[PDB]
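A.B. asks: Right, I'll just put the structure down here and ask away after.
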Amino acid sequence: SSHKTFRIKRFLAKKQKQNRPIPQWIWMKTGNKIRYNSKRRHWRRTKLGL
Amino acid sequence: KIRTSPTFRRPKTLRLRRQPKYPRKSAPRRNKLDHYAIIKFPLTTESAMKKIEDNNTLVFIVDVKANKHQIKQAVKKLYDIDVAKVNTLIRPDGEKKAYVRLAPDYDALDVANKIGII
Amino acid sequence: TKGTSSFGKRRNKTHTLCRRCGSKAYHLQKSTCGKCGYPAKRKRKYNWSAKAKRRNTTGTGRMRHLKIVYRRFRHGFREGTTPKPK
Amino acid sequence: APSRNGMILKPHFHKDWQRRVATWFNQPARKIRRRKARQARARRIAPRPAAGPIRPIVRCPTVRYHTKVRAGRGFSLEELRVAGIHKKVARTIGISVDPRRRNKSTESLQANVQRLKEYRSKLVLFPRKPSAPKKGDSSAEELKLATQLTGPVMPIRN
Amino acid sequence: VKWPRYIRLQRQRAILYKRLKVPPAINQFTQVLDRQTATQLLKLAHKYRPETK
Amino acid sequence: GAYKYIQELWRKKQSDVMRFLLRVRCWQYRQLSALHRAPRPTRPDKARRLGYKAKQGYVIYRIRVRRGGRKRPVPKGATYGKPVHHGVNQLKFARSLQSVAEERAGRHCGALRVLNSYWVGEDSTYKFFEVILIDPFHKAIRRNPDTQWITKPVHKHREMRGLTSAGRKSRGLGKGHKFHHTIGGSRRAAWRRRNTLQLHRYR
Amino acid sequence: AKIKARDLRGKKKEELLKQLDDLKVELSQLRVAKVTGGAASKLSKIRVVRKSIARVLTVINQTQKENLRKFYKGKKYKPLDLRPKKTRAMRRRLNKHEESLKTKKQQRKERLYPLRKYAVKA
RNA sequence: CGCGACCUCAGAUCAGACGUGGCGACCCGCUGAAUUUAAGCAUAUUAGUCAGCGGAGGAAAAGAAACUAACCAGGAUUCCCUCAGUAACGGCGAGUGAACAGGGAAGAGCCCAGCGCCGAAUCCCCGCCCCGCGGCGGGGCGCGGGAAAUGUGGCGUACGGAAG
Ligand SMILES: [Mg+2]
Ligand SMILES: [Mg+2]
Ligand SMILES: [Mg+2]
Ligand SMILES: [Mg+2]
Ligand SMILES: [Mg+2]
Ligand SMILES: [Mg+2]
Ligand SMILES: [Mg+2]
Ligand SMILES: [Mg+2]
Ligand SMILES: [Mg+2]
Ligand SMILES: [Mg+2]
Ligand SMILES: [Mg+2]
Ligand SMILES: [Mg+2]
Ligand SMILES: [Mg+2]
Ligand SMILES: [Mg+2]
Ligand SMILES: [Mg+2]
Ligand SMILES: [Mg+2]
Ligand SMILES: [Mg+2]
Ligand SMILES: [Mg+2]
Ligand SMILES: [Mg+2]
Ligand SMILES: [Mg+2]
Ligand SMILES: [Mg+2]
Ligand SMILES: [Mg+2]
Ligand SMILES: [Mg+2]
Ligand SMILES: [Mg+2]
Ligand SMILES: [Zn+2]
């Protein structure tokens, strides 16, 4: 839909900024248990709601 | 005295304005959307500086609550240069990208060398 | 023509993001939310689902005022005082 | 489906009884809470009797129990008036009053009037402001020796 | 005029007090003291008015 | 005093003085609206013996509860179950219409507190009740000691816990041998004390 | 240098606003340095300037509202930001005067028939 | 016709306040089933229970007898042991089922309307002066405004009470 409303476009902006991976300076931290970003989202597979 | 129209309607009465015995909130809230918080940083992309060189505009990243008139007055107060026009959009990231076309009086590559972006 | 070829016409949506509960259940023709009943003044809540209770009760979100009122109660709501300076 | 011989019985568990079951694991915590409260009250009313006010000989009602004397609710107004005690001064000097009690005999009334006169012999009334004693206040010898008696004040045995 | 409902009410209540058979206990207050006796009673009672604050 | 005569006069109700008065008042009250404020009580003696002292902060409303029993709010016939619970039409409601009157008066005014209420009129299809209402944040109420008991949060919406006199008449309580199924705090408290196993520690 | 909210308090209103103004200018120049790609010194410095703006604005708002409640000290109606914001039922609780008011019936009862101070010989 | 009272009733972005909503383990009011048991089932049972709805508090409700009793009489309410699986109810089938008395936990009583007698002796609000003010309160002055006689306050409430 190229006729987005502002709230829909704002929601999509937050989801595509959350869709970025782990920054690599984390997995050298002391109390770390993270190995990747488990909450990722490919646009074919998961359709985000809305 | 007589009534001609057979419809009774409500008599227009006197209504005073507020003369409040104390203000609700004490001091008015400071403008958090001022001329420094309205524009955040200019873009230094290859496209943005192509536009600085050619179209005599600057390219800024401003916050979403802005107006074209607000960021026009913002660039005029922060960099002392007048503005021909302002073209804004909301980027897919979420910011409001503005395109501030200056006058033919001023030159954007000079103002970019002034404000650091190159 | 009941199944796969009738799932093709799924293109106009029923619900949308409500503006009190944040869930995609605000109906558009009835214009009431399914999970919280938005134009009603009272939050939709039932006792036949304790799980739909526990998904948003007082503990769930930020408690942006209520955790502050807890740590104010543990000194009994002092106001107007500051500790003595150095 | 009953067996050979045995008492056929009506257990009242046909309702939902597990949702309403009151278990007593706070029995000793309740006892410690009550005796903490009892010690706190008994020291905050500091020379006064810990048991509370005085309560009369009164006789249990029915055919099963009328040979037994108990401690009752409060002294009747007829009893207080024969003992001279004002019905609003009694609750202040430590005597329990109820207005509802009749008096249909004379033996019980004279027992309670004797009990009230015995109580007014026994009690030590401290002055209202201690530096200034008054007329109806006990003497400074026994003001020092007055203390709390535990148990019911003038206990009633049969 | 289509009068308001309170004007309509307070008029046709008086119409009902003209219509219905009023019992004599309520009828006796429409037989009132006439005007030249009422004004001499009020100029007598003006003498004995209670005290202003 | 006048109020003795006023209460005996209100006691005689088929006397044609009082039949005329209650008829004309009931006419006017049907012409008026359902929940409207009365400017002053219609029965001042009954108001004063129920709690109204004519000072600033007490408010009389005059409310109209529709008269009748209670048919069961089910679709067409159709209570889907056993033939004991088939009945819809001849059912009666557990609370008096005086209590329903106090209830919707104190619902329409949530900032005020229902003291009590009394009767003013009836016809075939309505009964009219005048409700006494105390505004608790007025200072003629809040500085008077023997009526600042109403200004406490425990007494919030008395008409809906069922604590005014018209609500207390429908809870089945009071001293006696007639009232064994409420001993405890209420009827539910009686039932709840009776239907619990007191499983001790040592049994 | 290191700006501290101890010595910003005697500083008057226009001087605090000028301190705020060139702190805002310095933060915007450091943001331009961040976008163009500068040094780790300036990228460290933007936190120092943001918290500098923070405690200047803290001193401004504190010294404004101290004067506001000193202005509304004696008066009877004062604004809602200046009223004591304890809990709602605690503001709708009766006063320590009004709950101390006793009727004259129980004033005279507490006069005539005071609670006494007694003890019983065993 | 105009002016002025009062009464019923409207409009105010009028001055000052107040209710809404949430959680809902415990509590109060209403509504309230069917599974289940009866070796079927329809009365009963499940059950005034689940679900529904309204309303609170730190506890709620109850509570100072239009009581229990039938004795040599007890004496607000609430809770526990007992009464008692009793009296009683029930296709008297299945099942249901209290209270009095007694022992304990605790313990506290009181106020109106009316009848009255006191020159409305009463209450709210505005303005100023002093004090204190982050539970807007104390004292004084206003030929300041209201409320109230269609009844506020003082004494007085069944244990009687008032006046001389
Ligand atoms: Mg697909
Ligand atoms: Mg549709
Ligand atoms: Mg709800
Ligand atoms: Mg066998
Ligand atoms: Mg059946
Ligand atoms: Mg009845
Ligand atoms: Mg206003
Ligand atoms: Mg069966
Ligand atoms: Mg079977
Ligand atoms: Mg079957
Ligand atoms: Mg049932
Ligand atoms: Mg339920
Ligand atoms: Mg609510
Ligand atoms: Mg609370
Ligand atoms: Mg209570
Ligand atoms: Mg009893
Ligand atoms: Mg046995
Ligand atoms: Mg049979
Ligand atoms: Mg049953
Ligand atoms: Mg008993
Ligand atoms: Mg004991
Ligand atoms: Mg009185
Ligand atoms: Mg009086
Ligand atoms: Mg009585
Ligand atoms: Zn919603």
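Residue positions begin at 1 at the first shown residue.
Method of determination (from the header): electron microscopy, 3.4 Å.
Yeah, the Cβs are placed from backbone N, Cα and C, and that goes for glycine too.
Quick paste from Swiss-Prot:
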MOD_RES   G:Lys18  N6-acetyllysine
CROSSLNK  G:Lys24  SUMO2 cross-link
MOD_RES   G:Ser28  phosphoserine
MOD_RES   G:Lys42  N6-acetyllysine
REGION    G:84-122  region 'Disordered'
COMPBIAS  G:85-95  compositional bias 'Basic residues'
A.B. asks: When the Cα-Cα distance from G:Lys18 (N6-acetyllysine) is computed for each of the recorded positions G:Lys24, G:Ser28, G:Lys42, which gives the smallest value?
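C.D. replies: Closest recorded candidate to G:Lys18 (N6-acetyllysine) by Cα: G:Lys24.
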A.B. asks: Of all the recorded positions given, G:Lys18, G:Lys24, G:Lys42, which has the fewest Cβ neighbours within 10 Å once its own Cβ is left out?
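C.D. replies: Taking G:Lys18, G:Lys24, G:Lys42 as the recorded positions, the minimal 10 Å Cβ count falls on G:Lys18.
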A.B. asks: What are the helix, strand and coil residue counts for the compositional bias 'Basic residues' (G:85-95) according to DSSP?
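C.D. replies: The compositional bias 'Basic residues' (G:85-95) comes out at 4 helix, 0 strand, 7 coil.
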A.B. asks: Taking each of G:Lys18, G:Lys24, G:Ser28, G:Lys42 in turn, which of these recorded positions have a Cβ less than 8 Å away from a Cβ in chain B?
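C.D. replies: Listed recorded positions passing the 8 Å Cβ cut to B: G:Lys24, G:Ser28.
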A.B. asks: Mind tallying the region 'Disordered' (G:84-122) by DSSP state, helix then strand then coil?
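C.D. replies: Split by secondary structure, the region 'Disordered' (G:84-122) comes out as 13 helix, 3 strand, 23 coil.
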A.B. asks: Please work out the number of neighbouring Cβ atoms within 10 Å of the Cβ of G:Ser28 (phosphoserine), leaving out its own Cβ.
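C.D. replies: Its Cβ has 18 other Cβ atoms within 10 Å.
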A.B. asks: Measuring Cα to Cα, how many Å separate the residue listed as 'SUMO2 cross-link' from G:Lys42 (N6-acetyllysine)?
C.D. replies: 15
A.B. asks: Give me the Cα-Cα distance between the residue listed as 'phosphoserine' and G:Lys42 (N6-acetyllysine), rounded to a whole Å.
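C.D. replies: The residue listed as 'phosphoserine' to G:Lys42 (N6-acetyllysine), Cα-Cα distance: 11 Å.
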